[PDB]
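Let me give you the structure first, and then I'll get to my questions.
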Amino acid sequence: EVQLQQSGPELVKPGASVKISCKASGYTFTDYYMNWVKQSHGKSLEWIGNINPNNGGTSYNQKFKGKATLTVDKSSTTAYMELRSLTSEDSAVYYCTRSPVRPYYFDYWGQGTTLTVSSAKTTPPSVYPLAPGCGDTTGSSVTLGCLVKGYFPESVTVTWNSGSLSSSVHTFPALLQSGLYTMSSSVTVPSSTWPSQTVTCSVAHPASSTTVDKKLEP
Amino acid sequence: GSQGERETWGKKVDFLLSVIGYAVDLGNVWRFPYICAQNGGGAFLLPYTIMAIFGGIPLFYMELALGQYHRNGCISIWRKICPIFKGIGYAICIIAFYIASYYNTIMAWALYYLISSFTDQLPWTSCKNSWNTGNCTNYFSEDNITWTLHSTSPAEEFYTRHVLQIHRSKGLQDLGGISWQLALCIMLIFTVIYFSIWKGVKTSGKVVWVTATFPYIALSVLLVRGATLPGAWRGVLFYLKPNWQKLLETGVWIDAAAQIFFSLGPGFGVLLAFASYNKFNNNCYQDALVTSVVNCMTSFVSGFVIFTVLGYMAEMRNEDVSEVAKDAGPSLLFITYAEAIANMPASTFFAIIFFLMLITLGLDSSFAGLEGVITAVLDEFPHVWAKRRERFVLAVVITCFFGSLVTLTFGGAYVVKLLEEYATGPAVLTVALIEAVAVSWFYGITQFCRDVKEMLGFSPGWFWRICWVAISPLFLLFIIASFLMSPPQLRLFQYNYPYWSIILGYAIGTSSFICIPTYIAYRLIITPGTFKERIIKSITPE
Amino acid sequence: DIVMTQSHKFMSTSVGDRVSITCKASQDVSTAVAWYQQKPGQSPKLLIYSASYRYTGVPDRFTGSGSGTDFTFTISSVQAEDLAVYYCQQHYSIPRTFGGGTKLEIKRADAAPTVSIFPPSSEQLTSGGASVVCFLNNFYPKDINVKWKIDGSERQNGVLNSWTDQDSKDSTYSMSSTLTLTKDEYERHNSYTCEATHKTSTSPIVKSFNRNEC
Ligand SMILES: CC(C)CCC[C@@H](C)[C@H]1CC[C@H]2[C@@H]3CC=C4C[C@@H](O)CC[C@]4(C)[C@H]3CC[C@]12C
Ligand SMILES: CN(C)CCC[C@@]1(c2ccc(Br)cc2)OCc2cc(C#N)ccc21
Ligand SMILES: *[C@@H]1O[C@H](CO)[C@@H](O)[C@H](O)[C@H]1NC(C)=O
Ligand SMILES: *[C@@H]1O[C@H](CO)[C@@H](O)[C@H](O)[C@H]1NC(C)=O
Ligand SMILES: CCCCCCCCCCCC
Ligand SMILES: CCCCCC
């Protein structure tokens, strides 16, 4: 049950600093190196550096020297990474991963941390439901969906009926325009469950911390 | 008269090999390969020679000529040059007393390893022992094993918790008490150096025959052995891989300068004493040249001997030769190299010849290190001493033994690092700077070239004269200034030294040469007349 | 430093086929190489470590081999949940570096896209805007044309095409074409049409709706 639980997403203006944590569990925390890997959007993995939790001995990368600072807390068994002088290149998904001394591999990774460095104001999303028309032909299955428009930065989570049931759900990647993201989602449910039961889409924006839920009415 | 003249050498080859045996030691075997690999790789060969030719060779030859000319010890030779600097000959003595406190205990470790190598199964192979912990994980064990931050190897456990027993001390604060086994080993070594000295330069030239020649045979056997090991090309690649961006850093040149200076070991009066017994018409130039070249090339082949085995070790592990070579010090020989020996066929043989090689590497250098001081005091106090030479030699050996008891404790290694880096080194460089300044700028370089013109029949060339006038004193001055400006941070065995360590080493370093300034004040206050006349009798020889 | 070079940025394979990915390093690596699997939207997962050896919790269908600069990661039976991005990494020398990555796309038979057009909701009409949606679900391959018609006329303005990642169940791509317009322009037109041209059939699939109370 080895689990590394990182912090949530972060939106910060350029020139500021940001700190990301890592909560380790399921293993002896003093036995392993803690690491951080930066993954840029569409790019490959990049090793930042490791730290020895016993003495906190830090080993960085020449590319990241003077960029990232690693710390560790043995009381809570929690590792920290701090970044200063933030630019647009620093926007990426960061991970904290456990590694042994040898052979050196990353066995367990954190869920990841989405970082966005921009001066754009945090914009609450607009949630508009998409309801099939009353003139459509109802077949063996009907397709519903919900729309999200005008939010920044990219952090959004759209669920359906508290997670039950999505086996058909298709989610469309977000598109950035005029500094605001826009995306949409759809689901294919049989004609026997609609509109008999209650099907409601939930849109959560952790950056603005705004959760708006909308139910589909034909 | 009561005593007319002193002794001489039994054969040219005896002292020719005696100065070489003095100059060849452990540092040539280990210290040079590591500093060569981490700085510039093979490109480190360029600055290493420049600091030799310009810095090292003129100090070795200038130090070697005065001994064969004046034929006096490290003390009495200053009475004939600059009496106020006579304290130098005393400072070296005190300096020697510090150096003998550690340098022998290393051979004591190698001896405890040698007597433990007579078992069919070597102790650092298996993890089942009285001294091993639960972290011990060895090979010929379950596969798939992954190393842990707290895990340790059976060789690391054997050196750490058994022979050194460093787990029993918390640091410099509490290092007590003393280990009796290493006390017995260092007693056997102080006994084997006693019988190679007490009879004078007669035995010290005869015993050198075995101690100087054996390390080359052992290095040949270990070279043919390491060359046949698979994956040995990784350590040779990491060893010779040129990095030319390192020469731009001002540090690597200082590292090469200090390395060649300490490797040749001039200005300590040992070469002065070895040259003191020799023919007057004998050639100094060819001697110093050949000996220095033999030392440097010995380090060069030692690099291959080390890095073939470390390349095989990086092949058995996964590459990155810097990772297995991370630790710089005795742990490279006593843990890494030893653990690499335990995994090879006829491991008892290659272990015995290895540790015996180490002991023979230190023994001759100890013979000469004591020989310079004994010659210095015997020549400084003649006929009040020399009543028996074995009496004075024994009186020095026992004093060195009681001085090495601080090093024989459980925390002795910390005292080794502290004394070597923070105390003995800067004071040897300092006294060597005082000698290089005194011979050139006081007795004069022109009269020195005239003395060389008397012994060799011809005056030394302008290349050497311009080196003694300028290049050499600035060559030592650069090293001393570099150390004093930024003393390095000391670390050993996952333990960082306290901030006050530099205060202690300096306190031990300064206390060695306290004698020269107070002696200058002694002759300055003793000599009557004007201070210019006192400094005139001090500048003019007696 | 060390450069891990993956020459193939994309590789195609079919369910059940034997697939292999090559990893070219800078210098001689000996046996030290690690193969990681990162699924879309997930953290990387360690699969292979130190040439042939497998980490715990890794199925038998994943293998690896090679000793040298070049290494090979081999999958015998490819499943639908095996769709992910694979990375190779050298753990010997500091710093540790990764390859460019190889995205493994699954090849299967063609599928007819299901197209569904949707009118703007009243909640969006309260805010003064309207958007007609065109959904394309369960098709293959990714390449498909989408043409919009407001009334009888091709509308190329205000159209956004979004292609998702390949599916981990039936391995079928899905895309969305969005038409965003003002409310004033939305109330001046009635029947909207969106069509899609794919390689499964020569006739583009056409969907239409009426603006007046469906
Ligand atoms: C050989 C003689 C002349 C050297 C003496 C110099 C003195 C001042 C130096 C040498 C050793 C030093 C001490 C080494 C040990 C300790 C213990 C530590 O918990 C406090 C610092 C302290 C107390 C140091 C204080 C300064 C010190 C006492
Ligand atoms: C290669 N050379 C350095 C060997 C000489 C060793 C050394 C020595 C002295 C006394 C005794 Br007992 C044994 C050896 O001669 C001069 C010197 C300076 C330092 C320092 N710092 C160290 C060692 C010596
Ligand atoms: C192994 O080492 C760790 C620290 O290095 C120590 O806490 C532990 O007690 C050791 N194991 C045993 C069995 O002593
Ligand atoms: C592989 O090594 C790890 C070391 O932590 C160990 O936990 C694991 O059990 C080993 N694998 C097997 C199959 O024993
Ligand atoms: C590399 C230096 C070997 C000798 C160490 C002696 C300690 C003093 C060194 C001063 C210059 C670094
Ligand atoms: C300048 C050196 C000072 C040393 C004090 C013990």
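Rule-based calculations on the coordinates, nothing more; no lab input. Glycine gets a Cβ as well: all are built from the backbone with ideal geometry, and neighbour counts include every protein chain shown.
Is it the case, given these coordinates, that residue B:335 is crowded, with 23+ Cβ neighbours inside 10 Å and more than 27 Å from residue B:473 (Cα to Cα)?
Against the criterion (crowded, with 23+ Cβ neighbours inside 10 Å and more than 27 Å from residue B:473 (Cα to Cα)), residue B:335 does not qualify.
Of all the residues that make up segment B:502-523, how many are away from ligand 1 (no atom under 13 Å from the Cβ), farther than 16 Å from residue B:438 by Cβ and hydrophobic (A, V, I, L, M, F, W, C)?
The total comes to 1.
In addition: With the requirement that a residue be farther than 18 Å from residue B:341 by Cα and either away from chain A (no Cβ under 14 Å) or within 16 Å of ligand 2 (Cβ to nearest atom) (or both), what does segment B:137-162 give you?
Answer for segment B:137-162, where residues must be farther than 18 Å from residue B:341 by Cα and either away from chain A (no Cβ under 14 Å) or within 16 Å of ligand 2 (Cβ to nearest atom) (or both): B:142, B:161, B:162.
Of all residues in segment A:91-112, which are within 16 Å of ligand 4 (Cβ to nearest atom) and either in contact with a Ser or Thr (Cβ under 6 Å, 6 or more places away or on another chain) or part of a loop (DSSP other than H, G, I, E, B) (or both)?
Within segment A:91-112, A:100, A:101, A:103, A:104, A:105, A:106, A:107 meet the criteria.
Just to be sure, is residue B:401 more than 16 Å from ligand 2 (Cβ to nearest atom), part of a helix (DSSP H, G or I) and among the aromatic types (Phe, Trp, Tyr)?
no
Additional query: Would you please name the residue that is farthest from ligand 5 (Cβ to nearest atom), looking only at residues in segment B:166-188 that are under 18 Å from residue B:492 (Cβ atoms) and of a type in the set (A, V, I, L, M, F, W, C)?
Once the filter is applied, the top-ranked residue is B:182.
Yes or no: residue B:406 in a helix (DSSP H, G or I) and either in contact with a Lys or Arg (Cβ under 8 Å, 6 or more places away or on another chain) or on the phi < 0 side of the Ramachandran plot (or both)?
Criteria not met by residue B:406.
In the set B:69, B:34, which member is part of a helix (DSSP H, G or I), in contact with an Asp or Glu (Cβ under 7 Å, 6 or more places away or on another chain) and either of a type in the set (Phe, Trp, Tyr) or touching a residue at least 12 places away in the same chain (Cβ under 8 Å) (or both)?
B:69 is the lone residue from the list that is part of a helix (DSSP H, G or I), in contact with an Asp or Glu (Cβ under 7 Å, 6 or more places away or on another chain) and either of a type in the set (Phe, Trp, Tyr) or touching a residue at least 12 places away in the same chain (Cβ under 8 Å) (or both).
Kindly evaluate residue B:482 against the criterion of being small (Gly, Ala, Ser) and touching a helix residue (DSSP H, G or I) at 6+ places or on another chain (Cβ under 7 Å).
Numbers: small (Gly, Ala, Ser): yes; touching a helix residue (DSSP H, G or I) at 6+ places or on another chain (Cβ under 7 Å): yes.
Yes.
Suppose we filter B:311, B:303 for residues that are part of a helix (DSSP H, G or I), away from ligand 6 (no atom under 16 Å from the Cβ) and either in contact with a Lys or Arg (Cβ under 6 Å, 6 or more places away or on another chain) or within 14 Å of chain C (Cβ to nearest Cβ) (or both); which single one remains?
B:311
Tell me whether segment B:413-424 contains one or more residues that are more than 16 Å from ligand 4 (Cβ to nearest atom), small (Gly, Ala, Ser), over 30 Å from residue B:152 (Cβ atoms) and away from chain A (no Cβ under 14 Å). If you could, list the steps in order and put the result at the bottom.
Keep residues of segment B:413-424 that are more than 16 Å from ligand 4 (Cβ to nearest atom), which gives B:413-424.
Next, only the ones that are small (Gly, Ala, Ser) stay: B:413, B:423.
Of the ones still in play, those that are also over 30 Å from residue B:152 (Cβ atoms) are B:423.
Keeping just the survivors that are away from chain A (no Cβ under 14 Å) gives B:423.
Checked against the condition, which is being more than 16 Å from ligand 4 (Cβ to nearest atom), small (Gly, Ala, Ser), over 30 Å from residue B:152 (Cβ atoms) and away from chain A (no Cβ under 14 Å), segment B:413-424 yields at least one hit.
Take the conditions part of a helix (DSSP H, G or I), in contact with a strand residue (DSSP E or B) (Cβ under 9 Å, 6 or more places away or on another chain), away from chain A (no Cβ under 14 Å) and more than 16 Å from ligand 1 (Cβ to nearest atom) and apply them to residue B:395. Does it pass?
Working: part of a helix (DSSP H, G or I): yes; in contact with a strand residue (DSSP E or B) (Cβ under 9 Å, 6 or more places away or on another chain): no; away from chain A (no Cβ under 14 Å): yes; more than 16 Å from ligand 1 (Cβ to nearest atom): yes.
Taking the combined requirement at face value, the residue does not satisfy it.
Would you pick out the residues in segment C:122-146 that are among the hydroxyl-bearing types (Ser, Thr, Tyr), buried (at least 21 other Cβ atoms within 10 Å of the Cβ) and at the interface with chain A (Cβ under 9 Å from one of its Cβ atoms)?
C:131
Please go through (1) touching a residue at least 12 places away in the same chain (Cβ under 8 Å); (2) at the interface with another protein chain (Cβ under 10 Å from one of its Cβ atoms); (3) polar (S, T, N, Q); (4) exposed (fewer than 15 other Cβ atoms within 10 Å of the Cβ) for residue C:89 and return the number of the only condition it doesn't satisfy.
Tallying (1) touching a residue at least 12 places away in the same chain (Cβ under 8 Å); (2) at the interface with another protein chain (Cβ under 10 Å from one of its Cβ atoms); (3) polar (S, T, N, Q); (4) exposed (fewer than 15 other Cβ atoms within 10 Å of the Cβ), residue C:89 fails exactly one: (4).
Identify, please: which residue in segment B:461-520 is within 16 Å of ligand 2 (Cβ to nearest atom) and among the polar types (S, T, N, Q) and is, among those, surrounded by the most Cβ atoms within 10 Å (Cβ to Cβ)?
B:512
So that you can scan it fast, the table gives a plain yes or no per residue for (1) away from every other protein chain (no Cβ under 11 Å); (2) surrounded by 15 or more Cβ atoms within 10 Å (Cβ to Cβ); (3) assigned to a loop (DSSP other than H, G, I, E, B):
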position: C:148; (1), (2), (3): yes, yes, no
position: C:162; (1), (2), (3): no, yes, no
position: C:165; (1), (2), (3): no, yes, yes
position: C:189; (1), (2), (3): yes, no, yes
position: C:203; (1), (2), (3): yes, no, yes
position: C:212; (1), (2), (3): no, no, yes
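Report those strands (runs of 3 or more DSSP E) wholly inside segment A:143-218 carrying at least 3 residues which are out of contact with any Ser or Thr (no Cβ under 7 Å at 6 or more places or on another chain) and closer than 17 Å to residue C:177 by Cα.
Once the strands (runs of 3 or more DSSP E) in segment A:143-218 are filtered for at least 3 residues that are out of contact with any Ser or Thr (no Cβ under 7 Å at 6 or more places or on another chain) and closer than 17 Å to residue C:177 by Cα, what remains is A:180-190.
Also, I was wondering about something else. Looking at segment C:47-61, can you tell me whether even one residue there is in a strand (DSSP E or B), crowded, with 20+ Cβ neighbours inside 10 Å and within 14 Å of chain B (Cβ to nearest Cβ)?
Among the residues of segment C:47-61, at least one is in a strand (DSSP E or B), crowded, with 20+ Cβ neighbours inside 10 Å and within 14 Å of chain B (Cβ to nearest Cβ), which makes the answer yes.
Find the residue count for segment B:161-187, including only residues that are away from ligand 1 (no atom under 16 Å from the Cβ) and basic (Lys, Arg).
Residues that pass the stated criteria total 2.
Would you mind finding the one in B:452, B:439 that is of a type in the set (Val, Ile, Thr), surrounded by 17 or more Cβ atoms within 10 Å (Cβ to Cβ), in a helix (DSSP H, G or I) and more than 26 Å from the chain's Cα centre (by Cα)? Show your work before the answer.
Details: B:439 fails: more than 26 Å from the chain's Cα centre (by Cα).
Being of a type in the set (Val, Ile, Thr), surrounded by 17 or more Cβ atoms within 10 Å (Cβ to Cβ), in a helix (DSSP H, G or I) and more than 26 Å from the chain's Cα centre (by Cα) holds for just one of B:452, B:439, which is B:452.
Conditions first: (1) assigned to a helix (DSSP H, G or I); (2) farther than 21 Å from residue B:362 by Cβ; (3) among the β-branched types (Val, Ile, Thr). Residue B:8 passes all but one, so which condition is the exception?
Only one criterion is unmet by residue B:8, namely (1).
A further question on this structure: Within the set of pairs 6 or more residues apart or between chains, which connect a residue that is within 14 Å of chain A (Cβ to nearest Cβ) inside segment B:483-510 to a residue that is within 16 Å of ligand 3 (Cβ to nearest atom) with Cβ atoms less than 7 Å apart?
B:493/B:166
Would you confirm whether or not segment A:31-51 contains a residue that is aromatic (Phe, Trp, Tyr), away from ligand 5 (no atom under 16 Å from the Cβ) and closer than 20 Å to residue B:148 by Cβ?
Looking only at segment A:31-51, we keep the residues that are aromatic (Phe, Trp, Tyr), and these are A:32-33, A:36, A:47.
When the remaining residues are screened for being away from ligand 5 (no atom under 16 Å from the Cβ), the result is A:32-33, A:36, A:47.
Subset that is closer than 20 Å to residue B:148 by Cβ: A:32-33.
Taking every residue of segment A:31-51 in turn, at least one turns out to be aromatic (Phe, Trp, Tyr), away from ligand 5 (no atom under 16 Å from the Cβ) and closer than 20 Å to residue B:148 by Cβ.
Any idea which of B:84, B:95 is of a type in the set (A, V, I, L, M), within 16 Å of ligand 5 (Cβ to nearest atom), outside any loop (DSSP other than H, G, I, E, B) and more than 14 Å from chain A (Cβ to nearest Cβ)?
Just one listed residue meets the conditions, B:95.
Here is a yes/no grid of residues against (1) within 13 Å of chain B (Cβ to nearest Cβ); (2) exposed (fewer than 14 other Cβ atoms within 10 Å of the Cβ):
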residue	(1), (2)
C:4	no, no
C:7	no, yes
C:14	no, yes
C:25	yes, no
C:29	yes, no
C:82	no, no
C:93	yes, no
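Here's the yes/no breakdown for (1) on the phi > 0 side of the Ramachandran plot; (2) hydroxyl-bearing (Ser, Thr, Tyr):
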site: C:2; (1), (2): no, no
site: C:16; (1), (2): yes, no
site: C:27; (1), (2): no, no
site: C:31; (1), (2): no, yes
site: C:45; (1), (2): no, no
site: C:88; (1), (2): no, no
